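Remember, it's 1-based here, ligands and their atoms both numbered in the order they're listed. Along the sequence shown, the residues carry numbers beginning at 1.
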Amino acid sequence: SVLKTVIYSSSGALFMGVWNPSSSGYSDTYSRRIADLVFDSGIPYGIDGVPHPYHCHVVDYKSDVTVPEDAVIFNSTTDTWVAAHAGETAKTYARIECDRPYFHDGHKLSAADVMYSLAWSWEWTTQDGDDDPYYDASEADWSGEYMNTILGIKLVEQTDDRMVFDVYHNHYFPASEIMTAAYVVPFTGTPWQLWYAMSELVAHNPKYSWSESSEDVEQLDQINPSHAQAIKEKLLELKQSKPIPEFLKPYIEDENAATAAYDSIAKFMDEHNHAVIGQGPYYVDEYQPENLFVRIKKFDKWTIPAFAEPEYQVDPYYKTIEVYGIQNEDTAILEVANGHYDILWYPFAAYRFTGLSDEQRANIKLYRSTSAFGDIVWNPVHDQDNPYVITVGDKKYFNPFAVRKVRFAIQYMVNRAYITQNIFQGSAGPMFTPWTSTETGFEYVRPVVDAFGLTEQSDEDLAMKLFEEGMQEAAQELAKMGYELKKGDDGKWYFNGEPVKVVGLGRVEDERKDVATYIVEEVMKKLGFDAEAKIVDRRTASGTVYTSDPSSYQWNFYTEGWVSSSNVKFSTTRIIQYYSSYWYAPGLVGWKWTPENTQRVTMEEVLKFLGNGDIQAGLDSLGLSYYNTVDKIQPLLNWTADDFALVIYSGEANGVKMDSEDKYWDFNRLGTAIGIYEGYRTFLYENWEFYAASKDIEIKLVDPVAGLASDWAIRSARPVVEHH
Ligand code: NA
Ligand code: NA
């Protein structure tokens, strides 16, 4: 049985990210779609938007429990397990039971794989001395605060088919017990021996990075055949010199079996020309980058995970799944409509599904996608000693988007109705924050949008008034430092006698090229800048914006697209992902908009703007449930989006606890009010798109907002049986 699938590709690239188990791995929807069939989560999100038991389930949950002396964390200075938090109160205790699937090379997953995974996170998030080679600045930003909430873990028991763990942590999510009890999932998708080899390769070979790509640095990629060769060499070196790391010896049943797994892993890598080993239902059989082609095959040792509920007890039918990269949308659609491929595994706008015959339409079924959206990210980079200037070698540039009021003005300059009705031909809706109109939170953060008077039509008078104030303030501060910023008689801005230049990146694959053109011609040029749209593909955009330092100043804005692969009832990541300095700020690598690097908007400043000087009037504008008085807001007045990000994501920040649902929603509202005012991202639109699949395929589990991007769809796909 063969399933033929299409992923929309660029001319040269199927993937926009890399296959690696760090937090910098699987950044993109293209790799993640495939990876979510190769790897199983312990407690995955379901199509209803909450976590569900699968490989793992919660056996016991209590709050406010003493951490015992046999619950450990990994100390990265000594590389030893220490009960560093014994005697503290843990907000959360959870006993979690796991099954033990087989990895794709053939050996069974064990508690050593789980403990390696956690040690790796504790190790690579901390710089243990100024020259620690086992450190990644991106990983620290991604995961550091998460790892700080973990007070201790204990292996209670391991049998041939079960693992039991006691977990102690400080996360309490007030609207969901399972999100509280399963905040730390004692499970992993990668065999420790392979991860050990990758860690040793990245630590000691400057050519390889978990997170970074540049001229002499490649971000580690398990599907890259060349990367796989380097990983295999390191793996076979470690098998001889140090097969079992000291810290893992307490967690290994059998040192001979652990040593033999090195050979099992190497033999798989030899057969398949890659390093991708998971414990999911499909193994990666072959990658042909020159053909934009992937083959994955059903793993004959995979079984329905022990704790799957009935809806998720699906046994993936298809023995082989072929993935074809196709670079033209119309061609992709016609190939599925004419029956040459089974699933169009990337969604397109309604207007692309036009012109099909009654027969072509009868041959397909459509599944909605309403979980994708688009925004502009600005590069606000500047020198430590100068808020408005960036030094690149011998040249100094004025960065207009380092001025808060310039970024804020653009919220009102853009005409989102024009973008949605013209560029997306009516197949998108105006969007102002990171919640789409098909998410639970939409009406909870809407009052923030109304507090700012934001509409689908532009307000160019307000935007021009804010822009001109921002530039006047900038020109005056720069004058005191000996720099001249002046509007010429030609209506253009000059900095030290030269035109202010900005470069916008759009995307060759889709309507984002037209978004970039719109921003360059109808915003940048209208504000008096020399502006240019550079149109690039996935790989270039990823490498320029996300995996290299924005200090190079080689882009000023980028047309971002984001997609959820799952329905999510309660997001804990919107503020940290989009507004905070922790994650994409603007990219994952090098300079970010941290309070150490740049001045950051505070809650008080936004409340004063929204209330025309009166704090209470500002709070009233935001529809708050708990933090709705001057007296209650007092401890939050100096918070930045980073504080809101952290209290939502980790459960606590600066001693303030997220201990009610009212507070969760207020933190999102207040976080979003800062995010709009600060204007590092200008949200534009939510996309309304469609997946297509053969009428002869039944898909039982369809995510109502993510459609076929959810691995539950292809896990649940099977031939129609009919005798009509
Ligand atoms: Na370290
Ligand atoms: Na390195």
Side-chain angles (χ1 to χ4, degrees), residues 17-27 72-82 84-85 112 114-153 184 188 190 192-238 241-242 245-248 251 275 542-543 546-549 551-552 582-583 587-592 594:
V18 301
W19 300 61
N20 85 36
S22 76
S23 300
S24 288
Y26 308 104
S27 283
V72 296
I73 62 111
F74 187 73
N75 180 301
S76 36
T77 74
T78 59
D79 283 4
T80 61
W81 301 104
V82 46
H85 294 292
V114 178
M115 303 299 293
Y116 185 80
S117 160
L118 289 170
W120 183 92
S121 295
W122 269 305
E123 175 63 262
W124 285 81
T125 54
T126 49
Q127 183 175 52
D128 308 296
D130 230 319
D131 60 351
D132 184 8
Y134 301 95
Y135 174 66
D136 180 89
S138 294
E139 192 64 34
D141 286 355
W142 272 118
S143 302
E145 287 299 349
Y146 174 75
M147 298 306 298
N148 289 344
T149 70
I150 305 180
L151 294 188
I153 186 166
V184 178
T188 183
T190 302
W192 68 259
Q193 298 89 338
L194 180 64
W195 203 336
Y196 177 42
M198 297 188 277
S199 301
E200 288 296 317
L201 177 63
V202 165
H204 300 300
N205 187 341
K207 168 179 190 179
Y208 298 104
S209 174
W210 293 110
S211 58
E212 192 165 325
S213 265
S214 80
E215 180 263 344
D216 50 9
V217 184
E218 294 175 71
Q219 194 187 7
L220 194 58
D221 192 359
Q222 286 172 260
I223 207 171
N224 181 323
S226 160
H227 289 204
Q229 257 301 137
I231 292 167
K232 179 165 57 210
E233 176 180 327
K234 198 60 138 168
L235 176 79
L236 296 180
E237 169 205 335
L238 292 170
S241 67
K242 189 68 169 172
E246 283 305 311
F247 72 84
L248 217 52
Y251 292 106
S542 175
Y546 291 137
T547 62
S548 72
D549 188 339
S551 304
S552 277
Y582 288 101
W583 285 9
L588 292 176
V589 157
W591 187 106
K592 293 179 182 187
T594 65

Suppose you place the vertex at the Na ion (ligand 2); what is the angle out to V202 O and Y208 O, to 10°? 100°
Restricting to N, O or S atoms, which atom of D128 is closest to the Na ion (ligand 1)? OD2
Which of the N/O/S atoms in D132 sits closest to the Na ion (ligand 1)? OD2
Aromatic ring proximity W210/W120, centre distance under 6.0 Å: yes
Judged by modelled atom types alone, do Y196 and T190 share a side-chain donor-acceptor pair under 3.5 Å? no
In plain terms, say whether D216 and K207 are close enough for a salt bridge, that is, a side-chain N and a carboxylate O under 4.0 Å apart. no
Tell me, please, if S209 has any N/O/S atom, main chain or side chain, under 3.0 Å from the Na ion (ligand 2)? no
The Na ion (ligand 2) to nearest N/O/S of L201 less than 3.0 Å: no
To the nearest 10°, what's the angle at the Na ion (ligand 1) between atoms O (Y134) and O (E123)? 80°
Report yes if some heavy atom in the side chain of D79 is under 4.5 Å from a heavy atom in the side chain of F74; otherwise report no. yes
Specify whether an N/O/S atom of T125 falls short of 3.0 Å from the Na ion (ligand 1). no
Is any N, O or S atom of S76 under 3.0 Å away from the Na ion (ligand 1)? no
Tell me whether the centres of the aromatic rings in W142 and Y582 are closer together than 6.0 Å. no
Distance-only, no hydrogens or angles: does the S542 side chain make a donor-acceptor pair with backbone N or O of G17 under 3.5 Å? no
